[PDB]
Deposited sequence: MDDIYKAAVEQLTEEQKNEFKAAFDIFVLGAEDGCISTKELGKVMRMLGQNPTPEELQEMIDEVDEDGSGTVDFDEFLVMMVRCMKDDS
């Protein structure tokens, strides 16, 4: 795990990580695919109760990505988005 991600991911409980993984898993053929598309990214986030804006999704992709998102990238983007609730 990348050390910077490792600390975003430290915000999450084991249970949150498990929940987040179950939602992510809906959007891949896990037997052969480890990444969701950038279009699916907002879908999985919204499944988990987040409401990222279109500019924000592109910004997170620019800043987090190592057109695709794997599970740890997804966790970091969830953590970022969870901090913009009002």
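*Deposited positions lacking CA coordinates*: Residues lacking C-alpha coordinates: just 67 to 69.
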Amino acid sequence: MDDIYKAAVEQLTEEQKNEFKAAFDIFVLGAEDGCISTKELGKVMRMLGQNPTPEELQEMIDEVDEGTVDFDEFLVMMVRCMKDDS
From here on, numbers count along this sequence of modelled residues.
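Requested in this report: Please work out which of 8 to 16 and 68 to 76 has the higher mean CA B-factor as recorded in the PDB entry.
Outcome: Between 8 to 16 and 68 to 76, it is 8 to 16.
By its CA B factor, does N51 count among the lowest, middle or highest third of the modelled residues in the chain? It belongs to the lowest third of the chain when residues are ordered by C-alpha B-factor.
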